[PDB]
Peer 1: 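Mind having a look at this structure? Questions to follow.
Letters go in sequence order (proteins before strands), and every chain restarts at 1.
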Amino acid sequence: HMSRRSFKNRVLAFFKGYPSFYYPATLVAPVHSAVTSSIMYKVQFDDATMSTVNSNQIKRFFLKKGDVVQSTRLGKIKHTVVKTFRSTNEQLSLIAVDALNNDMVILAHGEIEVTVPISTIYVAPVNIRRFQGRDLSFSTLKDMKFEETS
Amino acid sequence: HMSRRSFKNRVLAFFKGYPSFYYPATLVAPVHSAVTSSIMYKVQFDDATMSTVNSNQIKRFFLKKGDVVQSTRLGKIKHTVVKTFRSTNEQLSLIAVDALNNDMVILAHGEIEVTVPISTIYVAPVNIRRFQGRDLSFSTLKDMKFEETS
Amino acid sequence: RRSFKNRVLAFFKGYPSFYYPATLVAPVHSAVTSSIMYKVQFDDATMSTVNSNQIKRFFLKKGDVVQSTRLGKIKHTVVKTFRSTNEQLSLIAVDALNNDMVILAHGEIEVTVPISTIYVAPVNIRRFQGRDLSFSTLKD
Amino acid sequence: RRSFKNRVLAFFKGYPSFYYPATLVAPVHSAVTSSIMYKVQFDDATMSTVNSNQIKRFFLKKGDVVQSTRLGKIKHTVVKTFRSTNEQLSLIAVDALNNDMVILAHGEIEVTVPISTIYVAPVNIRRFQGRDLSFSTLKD
Amino acid sequence: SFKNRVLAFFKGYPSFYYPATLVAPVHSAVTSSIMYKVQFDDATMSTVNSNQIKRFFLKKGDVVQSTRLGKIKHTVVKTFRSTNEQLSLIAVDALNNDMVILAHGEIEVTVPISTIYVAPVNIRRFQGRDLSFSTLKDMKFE
Amino acid sequence: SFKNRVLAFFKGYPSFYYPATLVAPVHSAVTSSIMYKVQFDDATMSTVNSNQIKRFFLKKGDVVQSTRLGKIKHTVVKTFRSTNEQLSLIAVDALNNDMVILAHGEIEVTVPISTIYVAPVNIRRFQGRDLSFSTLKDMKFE
């Protein structure tokens, strides 16, 4: 694993290592930092890597028409989002969906459209600054990790 | 953390490292081994160490009158269990309780009794062979870890 | 699916995390990285994907230390591999050679096992020399 | 609770896992082991318990690299510690010395901070020499 | 306004100059330098020293980026107005242009001018894009 | 029975000799040696080669352990019957004793004889505790 949360916990989280992009992850838990006051977030990437990010480094994983994104299957070519949808009625795994339980996204580059899995999305931080209405909602919430000894 | 299961998941699990005793742990998940057919168990010790054990290396954490055990606060002196109980009505953490949500145990050495926290128990494998009625029950059950990539 | 030439030994991310026989389904490129990854299929419990550091071509050589699901958890040394039949075998029965069957030593008993029962501890695969990936392909 | 002489810097098992000021409440012995552990109380978010490898006596020396919650995430070098008042201070304000207050350099600004705002990266505490545990006690 | 469009340094991550509207000069409590309140196009507000603000207009040859393009080198070919229709403030530069052509090698591409952003190093090369004269004369605390 | 009480090697973990009742001789499909079906006091069944089974009786000086005691050295002082009451089979040794005194240095302690277990190395020192003569004469497959 790969830990085990509702699809509504899917985020795009800033990957702090070194290619710097936002990637799909699961919001795992709020973090109280011993050393700073802002609230923070433990997040898990789809390769199961775990990371703690601030509130400026995390968005709900939902995509709107006109969002500029990239996809892992189309190189570094920037696309705009046309529409996200769910391709199936079967149970899908957490790494396959976004925060609304979609599965697939249609992307445009020009007026050339391609349909790609939503799990393949990644986002440049400059593109993320224009995502409006994508902050974590109150209804996302949630337990502190039961810290061992400390 | 320290992961986040009902108290009914509390076990005494064989610690495979090197003092060999059974210690209090939480049953985390069943494990399918790629390489052997018996069912196996991911278990977490109270210091948050994680381990995978077979069905011969795990008991429900409940204690019966006459069980021979040791306690972390009484050195290596073997005691028999007199009675387990819950000292409080407040929410207690997982590492503080056994499988019935007790908290405290009374231990005898001779007819000298001492009251000690149940989390302090540990058990010699030779003593564990005489625990009857302590195997995992069907009602304990339970999800496979959502394995990342594999 | 693939030619026998795509058979690999790949790090398994479940339990226990050893190297197991798989088929290299497709290399995976960039720019999520720069780096090459490999999409790997196990004989079966899974599609794959694995590091450049987590994969070898499936061919055993005299001296390799391996284990077999037929033989407990005792490590055994490879004597040789051979082909036991001119019948057509599934991909899953075969290494990268197209050998099925391997002879394994351990202290003068030599036992012969089907090549698909093989797995290799990470420590033992670190000492493998002839067996790094390339190619060009196949569909490798 | 304890004398100022029990003030330690202890590995914190929450986030982030640095060394923070604490009070050594009690040593813990055996036979769950053989080994000595230490029960440690932080200034406050917790009772403790910690390794022999995860604890130092709380006294800073010229040259120590540390950080302070007053001063961002910039590491600063210790100039000295001193006592700023003859009034009675809580245990939590004080190191193992009974000094409150530390002078911290960073490139010619020397800023003075309350000793309780101090924390030390594990890498920097690895380079601390005068400061290993002992005693006998106290209630250390 | 339109004449109040500027390129302003963003202190947060990532740190580039972005299109903004100049809101007011600001007398700051912690510094004695004159500061500039700007509103960025995501509508977040920020002030801004005088080393961190230019008039928003581009000249052929400027090294700039677009949010629509990847991070390879681009240079300004020309700016212009793509419509006579009446555009929002946040669509235009300080000359009321909304569209720029950028080049990389022999490839050219049109991007909306609002989509532009500039590395401080290349901003330092800009000649003639300080505030004002009018912007200066006309300002204006609160 | 009582005469059917033996100390039998446990193949599982941990591997000591424990009290058991001899159930039957066994002709084994995979070996040609005679084997012994024993039932251990936790009531699990096991068979057992002839190198893995003794008559259950102790002599002063034997090096043995008790499930009631820690794993420091203990030696048998004496065995005996602690009651005239009629005891279960699993409470007794092959001589119908239920109680043993063990020593470590100048400390002695009574433990129930059913509680005893023996390291193979110390079992190898036991003289005179092979099965039978009667146990042998009287056996008995199925």
Peer 1: Using heavy-atom distances under 4.5 Å, tell me whether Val35(B) contacts chain C through its side chain, its backbone, both, or neither.
Peer 2: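 Both backbone and side chain.
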
Peer 1: Counting neighbours of NZ on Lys64(B) that are heavy atoms of other residues, nucleotides or ligands and sit closer than 6.0 Å, is the number greater than 12?
Peer 2: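 Count over threshold, so yes.
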
Peer 1: If I measure from the heavy atoms of chain B, does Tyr20(C) come under 4.5 Å with its side chain, its backbone, both, or neither?
Peer 2: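 The side chain, not the backbone.
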
Peer 1: Starting at OH of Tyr15(C), measure out to CE of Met40(B) and round the result to the nearest 0.5 Å.
Peer 2: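 With rounding to 0.5 Å, OH (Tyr15(C)) is 5.0 Å from CE (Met40(B)).
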
Peer 1: Under the 3.5 angstrom rule, does the side chain of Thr49(C) hit a backbone N or O of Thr149(B) as a donor-acceptor pair?
Peer 2: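 Here the side-chain-to-backbone pair does not exist.
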
Peer 1: Does CD belonging to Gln129(C) count more than 12 external heavy atoms closer than 6.0 Å?
Peer 2: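 For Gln129(C), atom CD is not crowded (no more than 12 foreign heavy atoms under 6.0 Å).
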
Peer 1: When you look at CZ of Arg73(B), are more than 12 heavy atoms from neighbouring residues, nucleotides or ligands closer to it than 6.0 Å?
Peer 2: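 Open: at most 12 neighbouring heavy atoms sit under 6.0 Å from CZ of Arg73(B).
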
Peer 1: So for atom NZ, which belongs to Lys83(B), do other residues, nucleotides or ligands contribute more than 12 heavy atoms lying within a distance under 6.0 Å?
Peer 2: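 No, NZ of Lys83(B) has 12 or fewer neighbouring heavy atoms, counting only those of other groups under 6.0 Å.
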
Peer 1: Got more than 12 heavy atoms from elsewhere within 6.0 Å of NZ, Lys139(C)?
Peer 2: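 12 or below, so no.
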
Peer 1: Picking from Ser150(B), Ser33(B), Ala34(B), which has the most non-hydrogen pairs under 4.5 angstrom with chain C?
Peer 2: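 Looking at each of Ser150(B), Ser33(B), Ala34(B) in turn, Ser150(B) comes out on top.
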
